[PDB]
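The sequence lines fix the lettering, A, B, ..., with proteins before strands; numbering per chain opens at 1. For the numbers below, each heavy atom of this structure counts, side chains included, while hydrogens, waters and symmetry mates do not.
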Amino acid sequence: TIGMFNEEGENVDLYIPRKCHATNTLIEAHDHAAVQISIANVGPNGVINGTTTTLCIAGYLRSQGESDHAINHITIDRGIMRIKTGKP
Amino acid sequence: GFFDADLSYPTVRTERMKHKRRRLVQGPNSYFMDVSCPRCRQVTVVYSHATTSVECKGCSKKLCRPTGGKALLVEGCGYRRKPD
Amino acid sequence: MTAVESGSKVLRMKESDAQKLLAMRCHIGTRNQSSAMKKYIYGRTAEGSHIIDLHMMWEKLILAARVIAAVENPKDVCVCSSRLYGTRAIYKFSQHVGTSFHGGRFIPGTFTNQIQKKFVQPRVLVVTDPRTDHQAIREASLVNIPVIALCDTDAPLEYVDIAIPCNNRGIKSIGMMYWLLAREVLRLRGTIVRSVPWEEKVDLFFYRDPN
Amino acid sequence: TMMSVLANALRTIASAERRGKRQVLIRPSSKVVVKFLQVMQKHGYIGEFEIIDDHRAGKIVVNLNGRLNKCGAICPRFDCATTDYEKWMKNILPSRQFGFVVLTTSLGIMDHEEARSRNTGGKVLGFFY
Amino acid sequence: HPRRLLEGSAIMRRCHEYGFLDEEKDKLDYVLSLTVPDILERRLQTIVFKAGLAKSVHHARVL
Amino acid sequence: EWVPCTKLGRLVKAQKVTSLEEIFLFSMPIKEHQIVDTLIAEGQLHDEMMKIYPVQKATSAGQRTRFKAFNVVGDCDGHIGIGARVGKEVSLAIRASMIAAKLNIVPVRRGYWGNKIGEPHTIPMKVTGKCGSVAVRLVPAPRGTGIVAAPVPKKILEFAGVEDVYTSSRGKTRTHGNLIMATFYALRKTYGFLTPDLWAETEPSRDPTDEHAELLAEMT
Amino acid sequence: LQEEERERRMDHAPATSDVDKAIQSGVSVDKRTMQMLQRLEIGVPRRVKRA
RNA sequence: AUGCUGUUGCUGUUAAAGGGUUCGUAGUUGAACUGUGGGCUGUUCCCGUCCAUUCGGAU
RNA sequence: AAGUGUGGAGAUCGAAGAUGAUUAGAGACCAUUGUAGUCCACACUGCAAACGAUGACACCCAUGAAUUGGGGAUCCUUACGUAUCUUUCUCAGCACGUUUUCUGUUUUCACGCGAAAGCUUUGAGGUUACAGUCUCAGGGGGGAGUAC
RNA sequence: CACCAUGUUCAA
Ligand SMILES: *O[C@H]1[C@H](O)[C@@H](N)[C@@H](O[C@H]2[C@H](O[C@@H]3O[C@H](CO)[C@@H](O[C@H]4O[C@@H](CN)[C@@H](O)[C@H](O)[C@H]4N)[C@H]3O)[C@@H](O)[C@H](N)C[C@@H]2N)O[C@@H]1CO
Ligand SMILES: [Mg+2]
Ligand SMILES: [Mg+2]
Ligand SMILES: [Mg+2]
């Protein structure tokens, strides 16, 4: 249930587009710097599974230099990358 | 890194650097201290940025000297900062 | 990215791994400092060099490996180096992992000029430097290729997505980051097992001045 | 000098949201600028915000969730009759579907859609979409 | 609304009365789709051609 | 025949990418104009030349002259594309702008003014687009308005599938090189504005070159 | 063929790695580095020094 | 038609246009605060005891 | 700044002017002079490319060298790093080093903007997604900043 | 750093 409807409940628009996982910015069709990055979900023995976590970033965010700060902020939230060391 | 700044709850490293009015809640920089006279020995309460020259009420001497910032206490006097 | 869905400690740095990093000096940054790599610095040493946090080095190292291991058809990863010290390590990472590789002058239009016969379309670009590989990164900005980079302390991080912090300057330090990443991508695939040490020597990753 | 505190607050929200930030610090605050934000919470354009107590005017830290395009203030606060809502929707809103014009009425500070339903009029404060 | 029930049922009435809209079209959005040849078909020059009382449309305007 | 070089055109020729909105979803550059007339049906794709004007270069011993041709393409169902190429003969630049206009194909979001009752008659929000000084502003119009625009934006807005729209234009509209490309930039922004329909979280997909990476390696 | 020969003469490594000969004398880290290695979840590694 | 009189809605570095600088009345504009309440009932991992010593394990 | 009035001053440069020369001509440039002026006092004037060709007051605004004055230290972490050399009196001193922070004059550098050149926490940004406050001027080129 | 001034009217 996303995109505009008809008052008859049929999905009227073509192409519900992607949104940036950092900035919630709707990714346009010509935004050729916008990338998807698939991170492998891995198991208890350290070998990859058949499932991946995919996160997509808008093109202006990569253009400024702020994408690498955004990939960190996402993967801490998803639980992919640890935020600090454990205590010694 | 890996910890993002939270504007409501800023880091102690970030917040100790700030100007006193540029803090999230503004506050003093100064404090009071309990200054013992070099002779005479009686304690006085001297403000850290005392632009006036405070006198020892017992000793009759002046145990502080104003500066552009923190005032300078005389040589040979003992002082410990008071709380709050 | 040493956090798995179950909660195991399988990906975390060990005292054998971090002992290799200290020996190969791949935690010493240069004297200069940029804003975007400022979060990766632990502190500055005497003689003014920057020390990189080995946690954040290892977490961005495994994060780049969880992206490379999630690529069927590993030839869609292109790993490239315009600096001369990388070119031997780029070859050996491409050999064990099975990725495309390129060295030297990048020859602009490799990613955009589609009627060239040296026209490749990778899915993930791995650059050794964000600065000397400015041309590989700037064409990735045009055709939707995310970028993995071995960044030093002053790195221009426009268009770099997974910035790995290391010492990409010295001959031993480079190649140790490619050994350890090739060692890791093979572990995530399941080619080699995590118990025994990977027998393959690091020395072949080092560039050697053939004259 | 600062003249309108609400126009100050909405300008710093809108500026930091086009920069894609995660939080703003709004200074100074009022009763008006928190009643404007609670209209923007109810239709989910902002997140949770927090009013820090000085014994001065407060500060507000607003959590942004990427949904706000532009919030602004109409200055001066023009008087708006009930027949005038469709005139203000065509002027400052991008469409009739989404977007809200906030008014200060006798019944409170409300958006334009609620004030049309309760058959009231007010002075216009600002907009958000 | 009072000006749409009255006077919106008047404009649908004169479309149905003069043949501008057939009786299925009753929603008032069909007046916005009327064209100039929809009105020109209702002239007495056209029906006398369409009913069959004249060979051509220039025969009908003469008669 | 047409041998493709890009991976997207290999998947379009193999009918692995079936529709054109599967390219628009992943922000892929087209790079080959045979992708577009394969995916769009051949009778449901209209094109005609907007403007042709000559541009001259002063040289030693005279002027060089090449003709700059503007073409617009699109079925009238939410796809539009405009391309501008140049050439020494007027026949070459018209043919090159046809090649160029298909590469710049882009989708148009369309919506409703008042209530929603059928296919969308208008653009979903007020949008402007600026090239040079010429910025056109496109405003939603009611159900039976029509396109109210100058005849150069009106022909572009017909091919984009927009049926009822209000239009302004702020400065030096007699320059048609920038008037054409400002109607194009404004209709391109219609999928850039985040509305509360699209607030919901969508589950991520896989790239057609991610999914079909095993098939594309079999062309080598 | 001279490039295929010298690519085979170059890809030759000693039995002891240059990293295994580097630990076996001690890595000899700096002040700031050693002050960092106390903070880790693995502690300070074996075969280390402080210089 | 002309957002070429601009309240909506114009320009003012270089196209016409910020007045040499301050003070200054009429004028227009002007910081925060005294408050909109409450009760009931609906609506698999990881942390240690046996193995091993620049890379492991059963648990 | 030139200019004006009344007193001083009057070295040097020097509108006017005078001689040389160059030139087709030279009323100019160049050389030698030289008056008013230049300089001061007290009055008057109020005419600048009086410029950043950018009105004033607030707000938000990314980065890295510096510089001037003052002050202070040596699932979003509960905190931490200090050298140099001069030193019998405007000397519990002076300068420096590393780091904070306020005020000022700036520089190569992210958005964004602009017709562009360029601007960019010092906006010309935050503007057809057009309203923080006040103010001055402009409306094709002239005539003409003329006439009354 | 001697002197070195100018080229009728439309049009191509
Ligand atoms: O008031 C300052 C402000 O608080 C602070 N943000 C600072 O910004 C910089 C800081 O920049 C200046 O570098 C200058 C040295 O080259 C230094 O000036 C200072 O020099 C010291 C030595 N004379 C002081 O004694 C002096 O009082 C002081 N003016 C800084 O001001 C950089 O050093 C930092 N690396 C980064 C900060 N962001 O600048 C404001 C004034 O410019
Ligand atoms: Mg001469
Ligand atoms: Mg003389
Ligand atoms: Mg003559």
Rounded distance in Å between the P positions of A129(I) and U8(H): 16 Å
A49(I) and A18(I), which share atom name P, separated by this distance in whole Å: 35 Å
d(CG, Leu7(B); P, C61(I)) in whole Å: 10 Å
Separation of atom CZ in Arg44(C) from atom P in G97(I), rounded to whole Å: 14 Å
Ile83(A) CD1 - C75(I) P separation (whole Å): 5 Å
Residues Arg187(C) and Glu184(C) bridged, charged N to O under 4.0 Å: yes
Polar side-chain atom of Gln23(D) near backbone of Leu7(B) as donor-acceptor pair, under 3.5 Å: yes
Touch class at under 4.0 angstrom, heavy-atom based, for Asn8(D) against every strand present: sugar-phosphate
Short side-chain N/O contact from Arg18(D) to OP1 or OP2 of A110(I), under 4.0 Å: no
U54(H) pairs with, by Watson-Crick or G-U criteria that keep both distances under 3.5 Å: none
Among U54(H), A79(I), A73(I), the nucleotide that comes nearest once only the side chain of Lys70(B) is considered: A73(I)
Pairing partner (Watson-Crick or G-U wobble, both distances under 3.5 angstrom) of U4(I): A43(I)
Separation of the P atoms in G39(H) and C33(H), to the nearest angstrom: 27 Å
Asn69(D) or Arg27(D), whichever maps to the more 5' nucleotide of RNA chain I: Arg27(D)
Given the sign of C1'-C2'-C3'-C4', the sugar pucker at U67(I): north
Nucleotide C102(I), atom P - distance to CZ of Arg23(B) in whole Å: 12 Å
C39(I), syn or anti by chi within 90 degrees of zero: anti
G12(H) and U8(J) as Watson-Crick or wobble pair, distances under 3.5 Å: no
Touch class at under 4.0 angstrom, heavy-atom based, for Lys90(D) against every strand present: nothing
Pairwise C1' distance, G35(H) and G30(H) [rounded to whole Å]: 25 Å
Which residue lies more 5' along RNA chain H, comparing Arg183(C) with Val10(C) via nearest heavy atoms: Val10(C)
Presence of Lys20(B) side-chain N/O under 4.0 Å of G71(I) phosphate oxygens OP1/OP2: no
Sugar-phosphate, base or nothing in reach of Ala36(C), heavy atoms under 4.0 Å: nothing
Nearest-angstrom distance, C1' atom, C23(H) to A137(I): 22 Å
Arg23(B) bridged to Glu15(B) by N-O distance under 4.0 Å: no
Distance, rounded to the nearest Å, where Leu10(D) contributes CG and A129(I) contributes P: 19 Å
Interatomic distance where CZ belongs to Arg19(D) and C1' belongs to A62(I) [whole Å]: 9 Å
Separation of atom CG in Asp6(B) from atom P in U77(I), rounded to whole Å: 6 Å
Salt-bridge present (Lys70(D), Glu17(D); N to O < 4.0 Å): no
Test side chain to side chain contact (heavy atoms under 4.5 Å, CB included) applied to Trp179(C) and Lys20(C), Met24(C), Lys201(C), the passing residue: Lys20(C)
Touch class at under 4.0 angstrom, heavy-atom based, for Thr1(D) against every strand present: base
Integer-rounded Å distance: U8(H) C1' and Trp88(D) CH2: 8 Å
Classified sugar conformation, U12(I), by whichever sign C1'-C2'-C3'-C4' takes: north
Side-chain ion pair, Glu158(C) and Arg62(A), N-O less than 4.0 Å: no
Chi-angle category of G114(I) [syn within 90° of 0, anti beyond]: anti
Closest-nucleotide ordering on RNA chain H, the 5'-leading residue of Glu15(C) and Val5(D): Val5(D)
Residue met sooner reading RNA chain I from 5', once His49(B) and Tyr129(D) are mapped to nucleotides: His49(B)
Sugar-phosphate only, base, or nothing, as touched by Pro197(C) at under 4.0 Å among non-hydrogen atoms: base
Ring pair (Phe, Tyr, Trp, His ring centres under 6.0 Å) partners of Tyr159(C), counting only residues at least two apart: none
Touch class at under 4.0 angstrom, heavy-atom based, for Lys70(D) against every strand present: base
Main-chain N/O of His50(C) paired to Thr153(C) side chain as donor or acceptor, under 3.5 Å: no
Short side-chain N/O contact to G64(I) OP1/OP2 from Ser35(C), under 4.0 Å: no
Below 4.0 Å: OP1/OP2 of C61(I) and any side-chain N or O of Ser15(D): no
Below 4.0 Å: OP1/OP2 of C33(H) and any side-chain N or O of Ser30(D): yes
Base pairing of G125(I) with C60(I) (Watson-Crick or G-U, both distances under 3.5 Å): yes
